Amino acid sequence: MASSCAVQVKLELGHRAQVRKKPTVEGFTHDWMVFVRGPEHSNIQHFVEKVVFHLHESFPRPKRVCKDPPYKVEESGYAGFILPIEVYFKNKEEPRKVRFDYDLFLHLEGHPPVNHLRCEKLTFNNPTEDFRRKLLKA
């Protein structure tokens, strides 16, 4: 068994944030949406088991789990923060997941809405045959 294989997959992390025309009752000034997807509408569900968005502790039920696409959370709030995101893999071994500290930042009223894109590359060296075929469908 001489052959070996390295598989790369591209992920897109990003978010939009816009000032609400009318703030909410709680004083939330912004609507925002954060996401994890594949580039060019590719289908990362082939190898992604779930995506967990860990919202700031001020949010109710802050651990937001997306078992199915789209991997995204839509919320309202008043301030930006660091949002840890875990991508779990359809994997039986290491790595079972990868983590990113996503900067969910907001722009003040009077500036254009936020439309932010963060590309990440993932490398799997010699994945299992099953995982390899899942990765390569994406």
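Rigid core here is just the name for the largest C-alpha set that superposes within 1.5 Å across the two forms. Residue positions are given as counts along the sequence shown, with the first one as 1.
- Taken in 6 other deposited structures of this protein and fitted on the core, 62-70 and 39-47 differ in how far their Cα atoms move from the shown form, and the one that moves more is 39-47.
- For the pair 21-29 and 124-132, the mean B factor over Cα atoms is greater in 21-29.
- Per the PDB record, of the two stretches 84-92 and 57-65, 57-65 carries the greater mean B-factor over its C-alpha atoms.
- Of the candidates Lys50, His107, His41, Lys97, the deposited coordinates give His41 the top C-alpha B factor.
- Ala2: CA B factor in the highest third of modelled residues in this chain (values from the PDB entry).
- When all modelled residues of the chain are sorted by CA temperature factor, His46 is found within the lowest third.
- In this PDB entry, the Cα temperature factor of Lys72 sits in the middle third of its chain's modelled residues.
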